[PDB]
Each structure stands twice: as structure tokens, then as C-alpha cells.
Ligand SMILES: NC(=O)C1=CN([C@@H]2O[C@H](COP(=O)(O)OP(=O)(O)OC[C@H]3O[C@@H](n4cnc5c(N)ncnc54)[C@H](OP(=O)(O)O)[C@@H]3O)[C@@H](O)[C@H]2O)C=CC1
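Okay, so here's just one chain, in C-alpha cells, the form solved without this ligand.
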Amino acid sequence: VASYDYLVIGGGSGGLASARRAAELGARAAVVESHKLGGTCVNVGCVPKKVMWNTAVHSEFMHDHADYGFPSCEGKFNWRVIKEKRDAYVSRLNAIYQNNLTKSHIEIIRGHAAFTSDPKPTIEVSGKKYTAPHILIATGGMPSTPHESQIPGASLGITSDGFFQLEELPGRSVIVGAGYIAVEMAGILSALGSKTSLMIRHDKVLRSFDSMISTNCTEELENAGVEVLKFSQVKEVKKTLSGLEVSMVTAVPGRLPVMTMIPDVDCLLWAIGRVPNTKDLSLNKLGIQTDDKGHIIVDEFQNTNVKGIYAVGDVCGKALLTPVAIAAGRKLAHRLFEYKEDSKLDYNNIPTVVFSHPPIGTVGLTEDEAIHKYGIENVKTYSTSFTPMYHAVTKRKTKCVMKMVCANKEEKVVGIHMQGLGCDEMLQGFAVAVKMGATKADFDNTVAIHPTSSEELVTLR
């Protein structure tokens, strides 16, 4: 039984960040990883997604070329070219991560970990045993897929994982789900030329975002050529002579249900949710608590219910973002190895960017959330809607919407929501301001930067 100061199960963002900070603090750490280092962010998430986004963004700007005084750009996007370059880049990252571990003197244990029956928390990887007074579970999650029992032929569809394996641009694609990943994939496939439908169970996407965003985002998708199938769901999928045929039920409220066949579908993409990767960990051998989806339950300090066992990142099922897993992993290393007992991640005011077209940036409370927290009488919002100056000369148009949610007399800024060109790079600093507890006067007292879209936020009235 090899003993370490810190054993980290999962070599993704949370696991790596935590292991690296712990090593800086003197800890003797090892990381167990059964697949590729970098985990979701590098391999099938953040990185490859952003590259595909930058590519879709090229496609849209090329629509405006002639408007800008250039000669029309003629054609066919070549999927394999960018795919090959994207894979390469991912390979460059994997090698860098490996090198980061080595320079930090972190041991990499390759294989699939599982807890043992052993009294003192001990894991087994490939027949060998490992132990530590502090063990971090950071095994992330996976895409959720429907059961053949509920939706026959569901297994003919792919997930976001499968999207990163595609070698050609699917001719006809149907995306099922209304969350960010659904929205992002539909946007990329559509911009790149796939005839795309997005199938959602209600009337809008991103229903958990501020209502100005879910509304605007649904509209922008339609404006961009994405067919949004509202109140629809898949009843069954079948392999036809040439593609898939999707049977769906559309049940608009106040209407009779109608069944529709979607034929000649090349790509059926399920973007319905993520499941935690805890199933094969043998958690029960230690009686580690999970919820009924398989998520590991932790406290504010990432503790599980068992002493010396912690969990961070997607496995915990809260705020499923790469920077969150990193920050929580880091704070945990300081608490464990630097004895900072108050060391923990504040889960409020975490900013998010959704890489739609145009991108979405959000931080803090939606209007309804502030209304429930402070009372209608105590919530004041300011918002603007305009066409960015970039489109002053284009036939194609997109809008920019911004909303600021203030609370109490002081008008504390408790939420910022926006969609528009440049919103992906604009959010960070306002997120800093919101974290510091800025009020509307703080924004109003900052001189604007002209001409930009960002200046709208400091001149709201």
C-alpha cells in the first residue's frame, strides 16, 4: 500500500488544479487517470468547442464580406481541415498537461480507480493499492442518453462526445435539448451549413437564465436559420434507407397533440443532460453519500460525509464549469495543506458565457431570483436593446440586449445579463465589479469607452 499525502481520482480540471496547488504546498500527491489528461475541458468540451465556435464565427463574418466592400466569398466549408487542426491542438494540450504534472513532481497513476473494502479509505488501480489521509474524487461526468426502453432507437443518436468525432459536416441535423450545450451545438452546425433543427420541450431555450436572455436567445436562433421545434419530444428513432427518421410528438398547450416524422436525418444529437461518473467507484464500500442521480454530496468545504474524502467539479453536480472545478480544487488544497480552515469557494456570483451567436454573458441573479430574494418593491432593473454599430453597414443584423438587476435603495448590482457581439470578452471585469458589491453609482461613475458596446453598461438610465 503506497502512501501519499494526497490522492486525486480524475485527471481533469478540478483534479489537476487541486493536485498542482497541493504539490506547491509540499504535499506528495499522485493523480489517478483512466483516460486522457485534461479530461473534459481539453478533450471533448471547452477547448474543441471554442475552436468550432471560432470557425462558425468565420462563417458569419464571411456573410458580411460584400457589405464591407469586398468581393463575395463563394463557398463550401471543409470540415476535415478544421477537424484535423483541432485534433492536433488538443494533442498539444495533452502533452503540456503531462509536462505540467511532471514539473510539479506529481505522480500519474494510469488506470481506473475504485474504493476498497479497507477500513482506512484505500483505492485500487490495476491490482495495486494506494492510500492517503486526503483523497479527492474528481471524476467528472458524462453525457446523458435516453434508454431504449423509453425511446426506442435512442442509441442511433450521438452525444456531444460523438460530435467531436464527426469527420464530415452532417447534411441534416436534429439537436434535442434546450440547455447551453444544445444551444451551442445547434449554433455551430447551422453556421457551418447543416440544415439544423433544435427540439425543445417548451417554448424557449435556456429557461434557467434571465427571461430576457431565454427570449432573445430563442429569437436569435430562429433569425440565424435554426428551426426550433417547440413543445416537441422524440417518440422514437429508426434507421431508414438513408439516414434516420425521427418520430416526434408536438403538444402545444391548448392544442391537440400531433405526431410528425422527421426523415433523412444525418445526425441526431442528444443534449439532454450530464450524469455523474460515480457508478464504478465502489462508493458504497465506504458508504459515501450520493443523491439519486449519482452525485456525490459535499458540504461548503467540499467534504463528503466520510472524513478525508472530498469531491469537486462536475461529479458534485453543481455549477458544471471548468473554472469552478479549478477554483474549488485550489481552495481545497489551501485548506488541507496550508491549514486555511476558512478556505472554500463562494458559489455565488459565478459568471457564465454561452457561446451562441451572438454570445451570452451572465452573472448573478436573474430578475425573478432577485424578486424572490428582496421583494418586488426592492428590485429595480435597467435594460437596453440596440443594434451594434458593426451592423450599421450590413444587411444581416443581430441585436445586443443588456439588463442590469439592482436591489435595495443603494441599487446594489445583483445581476448582469447580456447577449451581443463582444459579450464573451466583456463579462469578466463586470464580474469583478459585481463580486466586490458595486452599486449602480459605481458603474455610472466610470467614464465610458467609445465607441464600444461595453459602454452601454455604464450609461444605463
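Residue indices: 1-based, along the sequence shown.
(message) On mean Cα temperature factor in this entry, is 67-75 or 154-162 the higher one?
(response) Going by the record's values, the stretch with the higher mean is 67-75.
(request) Please work out which of 262-270 and 185-193 has the higher mean CA B-factor as recorded in the PDB entry. (result) So the stretch with the higher mean C-alpha B-factor is 262-270.
(request) Pick out which of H417, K397, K50, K435 has the highest C-alpha B-factor in the PDB entry. (result) Answer, based on the entry's C-alpha B-factors: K435.
(request) Identify, among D299, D87, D291, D342, the residue whose C-alpha carries the highest B-factor in the deposited PDB entry. (result) Largest recorded C-alpha B-factor: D342.
(request) Sort the modelled residues of this chain by their C-alpha B factor and say whether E411 lands in the lowest, middle or highest third. (result) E411: CA B-factor falls in the highest third of its chain.
(request) Going by the recorded CA B-factors, say which third of the chain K403 sits in, lowest, middle or highest. (result) It falls in the bottom third of the chain.
(request) Would you mind ranking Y374 by its C-alpha B-factor against the rest of the chain and naming the third, lowest, middle or highest? (result) According to the entry, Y374 has a C-alpha B-factor in the chain's highest third.
(message) Using only modelled residues of the chain, where does the Cα B factor of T139 rank: lowest third, middle third or highest third?
(response) Lowest third - that is where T139 ends up once the chain's C-alpha B-factors are sorted.
(request) Divide the modelled residues of the chain into thirds by Cα B-factor and specify which third, lowest, middle or highest, holds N284. (result) For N284, the deposited C-alpha B-factor lands in the highest third.
Here the subject shifts to the form solved in complex with this ligand, a form of this protein not shown in this document.
(request) Name the stretch, out of 336-344, 268-276, 283-291, 254-262, where some heavy atom lies within 4.5 Å of this ligand in the deposited bound form. (result) So the stretch in question is 268-276.
(request) Find out whether any non-hydrogen atom of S72 is located within 4.5 angstroms of this ligand in the deposited bound form, and reply yes or no. (result) Flag for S72 set to no.
(message) Since only the chain is shown here, I'm wondering whether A178 would be in contact with this ligand in the deposited bound form (any heavy atom pair within 4.5 Å).
(response) Within the cut-off, so yes.
(request) Would you check, heavy atoms only and a 4.5 Å threshold, whether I108 touches this ligand in the deposited bound form? (result) Result no; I108 lies far from this ligand in the deposited bound form.
(message) Can you tell me whether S208 touches this ligand? I mean in the deposited bound form, with a 4.5 angstroms heavy atom cut-off.
(response) Heavy-atom contact with this ligand at 4.5 Å: present for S208.
(request) Only one of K85, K235, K380, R201 comes within 4.5 Å of this ligand in the deposited bound form by heavy atoms, so just point that one out. (result) Looking at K85, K235, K380, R201 one by one, just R201 meets the 4.5 Å heavy-atom criterion.
(message) Give me the residue from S194, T362, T218, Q302 that has a heavy atom within 4.5 Å of this ligand in the deposited bound form.
(response) Looking at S194, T362, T218, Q302 one by one, just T362 meets the 4.5 Å heavy-atom criterion.
(request) Within 4.5 Å of this ligand in the deposited bound form, which residues of 311-335 have a heavy atom? Give them in sequence order, or say none. (result) Sequence-ordered list: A319, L320, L321.
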